[PDB]
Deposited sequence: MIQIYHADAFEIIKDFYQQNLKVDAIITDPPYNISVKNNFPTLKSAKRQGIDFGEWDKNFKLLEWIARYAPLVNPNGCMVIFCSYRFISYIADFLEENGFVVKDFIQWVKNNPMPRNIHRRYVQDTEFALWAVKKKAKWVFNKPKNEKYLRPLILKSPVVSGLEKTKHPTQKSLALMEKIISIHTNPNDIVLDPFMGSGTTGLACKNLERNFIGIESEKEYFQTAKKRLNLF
């Protein structure tokens, strides 16, 4: 199944509460700032064996990890993605920025999903190199995230979906996506890409 809503994630959670909605994994790329709050409100929706994968900057990453663990989750690890072709800035005075961070947490007593192909170890999921969106996470990245932390059909929820691409990864992997967007141009971008 694929459902996209054009809504504010913070008010639409009340509808999901009454409906007793329960999703397997929350895989999202979030944008006086909380941003820790949505986590508190979307945490109840996760099934006992479920997990979260949350994109974040390293400036916020420790906060989110600690916050997650106050909400009944255990932060298992970090995942990260590197582009092969950074547009270089201040090459001589500073490190180029090729890296994107995400946090992987699971529910506290959960028996979670991992899925390693016959192969060994892990932890930099991808080597990777479309939309008009300002910040879009790529498809191949999202597809790998999903192949790992979810199973052939699980219910994946992305409260901030942007251009989608969390869904598109789910659709291609047959992963049952639900997603939300507040603004109309992004919602429709996500909609016809699906």
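- The deposited chain is incompletely modelled, with C-alpha atoms absent over 32-58, 157-164, 230-232.
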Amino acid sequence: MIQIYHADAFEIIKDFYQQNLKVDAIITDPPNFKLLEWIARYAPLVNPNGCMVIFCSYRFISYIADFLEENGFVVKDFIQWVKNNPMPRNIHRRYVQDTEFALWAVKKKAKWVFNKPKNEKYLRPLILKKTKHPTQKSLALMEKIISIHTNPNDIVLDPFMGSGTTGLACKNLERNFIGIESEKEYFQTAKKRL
From here on, numbers count along this sequence of modelled residues.
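- The question of which stretch, 6-14 or 181-189, has the higher mean Cα B factor is settled in favour of 181-189.
- For the segment pair 104-112 and 82-90, the entry gives 82-90 the higher mean B-factor, averaged over Cα atoms.
- Ranking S163, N49, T28, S62 by the C-alpha B-factor listed in the PDB entry places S163 at the top.
- Among all modelled residues in its chain, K121 ranks in the middle third by Cα B-factor.
- Among all modelled residues in its chain, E143 ranks in the middle third by Cα B-factor.
- In the deposited entry, the Cα temperature factor of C56 places it in the lowest third of its chain's modelled residues.
- Remark: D154 belongs to the highest third of its chain, ranked by C-alpha B-factor as recorded.
- Among the modelled residues of the chain, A40 sits in the lowest third by CA temperature factor in this PDB entry.
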